[PDB]
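1. could you work out the structure for the sequence below:
(2 chains, ligands or ions: 6)
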Protein chains: 2
Amino acid sequence: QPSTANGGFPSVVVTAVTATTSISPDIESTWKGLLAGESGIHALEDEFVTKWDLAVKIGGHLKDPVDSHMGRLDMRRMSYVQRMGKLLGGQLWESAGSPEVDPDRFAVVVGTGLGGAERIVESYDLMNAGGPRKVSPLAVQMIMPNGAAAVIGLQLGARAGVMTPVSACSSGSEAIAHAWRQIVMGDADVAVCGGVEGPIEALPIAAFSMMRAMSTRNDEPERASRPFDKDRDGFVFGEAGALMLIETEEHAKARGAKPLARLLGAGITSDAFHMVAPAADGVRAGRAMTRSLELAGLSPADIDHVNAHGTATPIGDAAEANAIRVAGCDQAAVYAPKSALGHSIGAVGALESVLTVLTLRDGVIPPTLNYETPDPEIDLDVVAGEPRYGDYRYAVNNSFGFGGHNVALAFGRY
Amino acid sequence: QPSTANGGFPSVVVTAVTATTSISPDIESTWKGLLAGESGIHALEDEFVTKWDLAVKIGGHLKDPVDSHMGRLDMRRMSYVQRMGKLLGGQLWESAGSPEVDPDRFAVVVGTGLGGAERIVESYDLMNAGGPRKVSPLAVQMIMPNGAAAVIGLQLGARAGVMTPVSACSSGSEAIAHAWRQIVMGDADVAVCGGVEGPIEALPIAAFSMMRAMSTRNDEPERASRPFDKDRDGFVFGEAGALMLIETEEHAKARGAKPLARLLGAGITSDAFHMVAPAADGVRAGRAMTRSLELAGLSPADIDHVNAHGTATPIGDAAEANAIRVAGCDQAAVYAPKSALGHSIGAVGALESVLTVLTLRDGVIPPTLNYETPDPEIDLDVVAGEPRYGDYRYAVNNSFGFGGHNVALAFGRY
Ligand SMILES: CCCCS(=O)(=O)Nc1ccc2cnn(C)c2c1
Ligand SMILES: CCCCS(=O)(=O)Nc1ccc2cnn(C)c2c1
Ligand SMILES: CCCCS(=O)(=O)Nc1ccc2cnn(C)c2c1
Ligand SMILES: CCCCS(=O)(=O)Nc1ccc2cnn(C)c2c1
Ligand code: NA
Ligand code: NA
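-> Residues are numbered from 1 along each chain as shown, chains lettered A, B, ... in the order given. Ligands and ions are numbered 1, 2, ... in the order given. And now the structure:
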């Protein structure tokens, strides 16, 4: 049975990464800030907080707003997530040395949680105001959730598939999983993959708050996101988008690209348990980790590091602790980046996949912020206080999305 | 290099199908009507046609509306596409003999074009009216585009992955492609797959009409959808949803299920050409057909039948004729079901995949309606007049979606 370790799958490497976060528009500056213990989460200055008197008054807007890079034309022809995708797509390609690749062996897979939803309301207002002919001929291509991936595939010339998986919090990780599949099955040699997501506004806060999924620790915003802490009380929004470039090792060697890590396997399972709550027993989520190991050719003892999904909801962190144990990975050093960067839904799995790559590259795990009184019922080796330098050889990034979608990505040091 | 023909991939069969269309809620009755030359497309009786004086006054509502099967509870807890998914999911399972399968080897892949979009506007109205606490705690799970797939996976107990690809008109075909991948890569033994889509309303008509993508032949609704006809003038909406059950041949034999056809291979490519127009040269779209043949282990000469994407836009049918030629399949007998059933976007590839199965099962192709003066620049063997009974051994179903997403599915007679 084929595996990465036994050569049954081609070797696939990560050759470039890009991300915009609440800490910085530069991924290497985000990484430096994480290591320094910085948080992207602050008091929301937006007028809409006072207008609605929202329960949640904290979150992390992008440090550098996407639209500060968008002129009038882009603001009229693209939804927000398309604008963010176009921005990250060009940054990534430049960071990769702007390679000339075969378009027919080049795929794009970019997940997102929702799509161009703000253009739905706008098109509906324009039609109420002025009739059907005041809907833009660009409305369909802006609204459609595949729009961000299509923009990037068109911008970079990808003709071996342009795909958009939608699985809430796991969308950006699942995109990297399907890009890995598209390469190992032979349909592509190189792929841009990741996730983009919209900004923090009042309706998103209201919608997730009404599930009691969100922290309300407004007095101390940087202390609010507390994954695996006894005093956690839900997640915090932190805006983000992230893409990575993956390609076969032979493709990378032939064009002089230095891999940052290896992408060794990917597991996708489902809870079939509840529409928003994860299964308490963590069994299917752990099975996604196991599956990524099977495809990589690893055993649980090889896993030095787990980049947790760790949203800091009470039930989510408890389910994930069971999953890590179920997968036999609970000796691994655990990092929960949402402690610092918050939750960006459809982008966050991609962002955390980039962070996992950087952990393997630099042999260091940033501290999980606000991990001060460890939850007694959770016994994980959570990195905290200051970065932990260590000999990390293999790592799993977890993403467990609303709807019960479990994605685990197995990465290796190059 | 592995293929279905050389045993490199496990044999995968189609064991059950279900669909709701503008002709009938029963797939076998839809099939009978298609053979009899029936059209689902009629004059729209909806008040909103007069209210807005839409250019387009024709379309095919479902013969049996989804919500005539939905009580008060389902109407409050699910978006439309989730309600349609729940309806089709239960019908499919019953039609399959309600098998007991291993949940851990059971996947769901259901595409859709947009998602629970009507609940976005509703949640936003509820918040304007009564503040953030009058947004439902169910809003997130109703809005999220993965919601229909999650509903079906939860209803049927699928724990080997629940996935939602979004690729406009190719969403329902791409879902069947990823379900086939999930089985042949070893992650699952059985999968429910297909696509669901929302209903015809005024804003969707306005949005697609402003691209000049839609027929305006309101005087003769059943004559309006004219794929490959010289006098075509765009597509017609025809509501639909469709799912099929696929499983390994060994899984099917072990539980006494009679396969209706074989699912032999799937090709996914992209145009990277334009956000809504297909590439004129049809090259990448043809390459998707070729790729499905490579994975099946077939040559172009084996392809007896092509179930065309055939939307009846001027540029779309011309591009697809080039694609079929590029793929070496232009001796195949061509059917364009949108001539009778119209375009259901995210569901239509799944519906047409079911129709391809039935063509192989029954050795017959329904007539392409309204094919009366063949376009001189297109030279395809378009079935027309009355059904063509023939020895169809292998067939390709094409779906080429807005955004440049090309999916070809290779099917074989069982
Ligand atoms: C980290 C913030 C996540 C917010 S969200 O999950 O509700 N996605 C989201 C997606 C698209 C748009 C367009 N406008 N808006 C406001 C959007 C929001
Ligand atoms: C501009 C309208 C925002 C819609 S919302 O406020 O209800 N947020 C939202 C809701 C559901 C999902 C699933 N994925 N994602 C990202 C979501 C986001
Ligand atoms: C065959 C009709 C296709 C219409 S459409 O492409 O615009 N999809 C669509 C999807 C969801 C909803 C919810 N309400 N409405 C009106 C919807 C419409
Ligand atoms: C209830 C709001 C309807 C939004 S709409 O009228 O603009 N139609 C619409 C627009 C884009 C896409 C992509 N896929 N699909 C299916 C789509 C459908
Ligand atoms: Na993670
Ligand atoms: Na077709």
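
2. next, residue A:400: phi, psi?
-> phi -130, psi 100 (degrees, to the nearest 10).

3. so what's it bridging to?
-> Counting by DSSP bridges, residue A:400 is bridged to residue A:406.

4. swap in residue A:270?
-> In beta-bridge terms (that is, DSSP bridges), residue A:270 pairs with residue A:405.

5. element containing the residue lying closest to residue A:187 once chain neighbours are set aside?
-> Closest residue to residue A:187 apart from its sequence neighbours, by C-beta to C-beta, 6 or more residues apart in numbering or on different chains: residue A:160 at 5.8 Å. For the C-beta atoms, the positions are set from N, CA and C on the backbone; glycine is no exception. Using DSSP states H and E, residue A:160 sits within no helix or strand.

6. thought residue A:79 was touching residue A:143?
-> Yes - at 7.0 Å, residue A:79 and residue A:143 qualify as touching, with contact defined as C-beta atoms under 8 Å.

7. higher neighbour count, the two?
-> residue A:79 (28 against 23; other C-beta atoms under 10 Å in any protein chain shown).

8. give me the common contacts of residue A:79 and residue A:143.
-> Both residue A:79 and residue A:143 are contacted by A:115-117, A:119, under the criterion C-beta atoms under 8 Å, 6 or more residues apart in numbering or on different chains.

9. can you lay out the residues you listed as TSV showing distance to ligand 6 and neighbour count?
-> Below are the shared contacts of residue A:79 and residue A:143 laid out as TSV (distance: C-beta to the ion, whole Å; neighbours: other C-beta atoms under 10 Å in any protein chain shown):
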residue	distance to ligand 6	neighbour count
A:115	25	29
A:116	26	27
A:117	29	26
A:119	29	24
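
10. now, which of those sits nearest ligand 5?
-> Within these, proximity to ligand 5 (C-beta to the ion) peaks at residue A:115, which comes in at 22.9 Å.

11. if I look at the residue nearest to the closest one when sequence neighbours are not counted, how far off is residue A:163?
-> Nearest non-adjacent residue to residue A:115, counting by C-beta to C-beta, 6+ apart: residue A:145, 3.0 Å away. Distance of residue A:145 to residue A:163, computed by C-beta to C-beta, to the nearest Å: 11 Å.

12. more neighbours: which of the two?
-> Neighbours were counted for residue A:145 and for residue A:163 using other C-beta under 10 Å; residue A:145 has more, 32 against 29.

13. which residues does residue A:333 contact?
-> For residue A:333, the contacting residues are A:304-306, A:365, A:381, A:383, A:388, A:390, A:392, by C-beta under 8 Å, 6+ apart.

14. sort out which one of the residues you listed lies nearest ligand 3 for me.
-> Using C-beta to the nearest ligand atom, residue A:306 is the member of those that sits closest to ligand 3, with 37.8 Å.

15. got any residues that touch both of residue A:145 and residue A:163?
-> Contact criterion C-beta under 8 Å, 6+ apart; residues shared by residue A:145 and residue A:163: none found.

16. state the number of residues packed around residue A:389.
-> Neighbour count for residue A:389, taken as other C-beta under 10 Å: 10.

17. hang on, it packs against residue A:359?
-> No - between residue A:389 and residue A:359 there is no contact under C-beta under 8 Å: 10.5 Å.

18. mutual contacts of the two, please.
-> By C-beta under 8 Å, 6+ apart, residue A:389 and residue A:359 have no common neighbours.

19. name the residues that touch stretch A:133-147?
-> For stretch A:133-147, the surrounding residues in contact (C-beta under 8 Å, 6+ apart) are A:76-79, A:81-82, A:112, A:114-117, A:119-120, A:123, A:126-127, A:150, A:162, A:164, A:166, B:113-115, B:145, B:166-168, B:203, B:206-208, B:210-211, B:275-276, B:401-403, B:405.

20. let's see that with 7 Å instead.
-> Stretch A:133-147 is contacted from outside by A:77-79, A:82, A:112, A:114-116, A:119-120, A:123, A:126-127, A:164, A:166, B:113-115, B:145, B:166-168, B:206-208, B:210-211, B:275-276, B:402-403, B:405, using C-beta atoms under 7 Å, 6 or more residues apart in numbering or on different chains.

21. about what we covered before: could you dump the shared contacts of residue A:79 and residue A:143 to CSV with secondary structure?
-> CSV is the format used below for these (DSSP: H, G, I helix; E, B strand; the rest coil):
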residue, secondary structure
A:115, coil
A:116, coil
A:117, coil
A:119, helix
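
22. and the furthest pair within the residues you listed?
-> Largest separation among the shared contacts of residue A:79 and residue A:143 by C-beta to C-beta: A:115 and A:119, giving 8.9 Å.
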